[PDB]
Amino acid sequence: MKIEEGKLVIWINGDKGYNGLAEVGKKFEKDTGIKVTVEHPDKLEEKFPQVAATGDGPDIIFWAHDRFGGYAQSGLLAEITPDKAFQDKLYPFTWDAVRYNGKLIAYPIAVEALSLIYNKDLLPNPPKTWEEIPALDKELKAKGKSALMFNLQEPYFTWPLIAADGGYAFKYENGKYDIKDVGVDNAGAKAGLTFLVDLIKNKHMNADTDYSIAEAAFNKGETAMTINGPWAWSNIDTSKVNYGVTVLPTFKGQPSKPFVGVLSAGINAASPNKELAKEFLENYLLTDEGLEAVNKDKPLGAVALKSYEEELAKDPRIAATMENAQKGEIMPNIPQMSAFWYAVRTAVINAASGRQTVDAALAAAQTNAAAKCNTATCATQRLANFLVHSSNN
């Protein structure tokens, strides 16, 4: 079905405040007569380039900024040309995240970083270092609890530890990323992943732990800490756990270095509703009332809109988000990013389960993080996984 003129269809991930975004859509329809339909399909960031290539899909797509360079390189995004006054309503660093080859390719919404979230009743003094976590888990285990649970299935969550002692994605030099210099298999990456693998070998974490499992355990008071972003705070508030949000633990004396994402809204190049989409984003969403609706549903983090960011800034959870962001690094947005993420996901999963050694896992990741994907999902490049041998212990 080609995109319908005279309507807006919006895709946003299921962990964000889509019901709040729908309220903004209701206001848009009231004021303009144009219906807005908000959807949260699974794997939307993989599905988008497939449907958009055929002239179909949403008018507006929301994701962290890292996926957008790939979309832009494929010609799937409309150029964004806000006037300089509008640009001035948002922090200039947020616009920098949505630039690709000299053009703006999306509207920035909010800056996201992972923090350490901890249960103040179980653990009034959170650990400053990763190194002290094994001993903390041993102590808490004897008490019927555990130290730490977080999603080990998505590399976003383990990256801060991999990067802490020197892991990196692509070297940046002279204003551009060098896709022939990948840093997932240097001494620092090896050290970080080895520490994670050892936490698992020593039974302080389980390799199968995922987002739902870690969320449930924290929100039910079973584990003292988790690692998550601002979107997760809503469900924690509902649980009534007495929690803090703080700086991530250091590793080998170095700060954990999360990859920072800017939630961004791009416009489908095939949309016959480009001007309506721009009106929705500039005049309705990127306003105090618009972001309030979304943020009240699931917190956005450090919002791009200066006026609303100022209202929220006193929140120590946002302060902690910004503290972790500044110790981290903006995600590249280059087309090669998806290949990087698939490669690192497989490395962490294989190393964590004992399917491969850390050195074997990261050696493979270095090879394939660089490899060029012709598709949004890297399906053929991921066939490399047939080479991996089961442990068979």
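Note that residue numbering begins at 1 and tracks the sequence as displayed.
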Segment of higher mean CA temperature factor, 282-290 or 123-131: 123-131
Segment of higher mean CA temperature factor, 172-180 or 241-249: 172-180
Peak C-alpha temperature factor (PDB record), options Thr32, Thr346, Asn324, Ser353: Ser353
Largest Cα B-factor, entry values, listed residues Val9, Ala376, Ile12, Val24: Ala376
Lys274 by Cα B-factor - lowest, middle or highest third of the modelled chain: lowest
Where the record places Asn151 (Cα B-factor, split into thirds across the chain): lowest
Third of chain Cα B-factors occupied by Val197: middle
Position of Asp66 among the chain's modelled residues by C-alpha B-factor, lowest, middle or highest third: lowest
CA B-factor ranking of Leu383, expressed as a third of its chain: middle
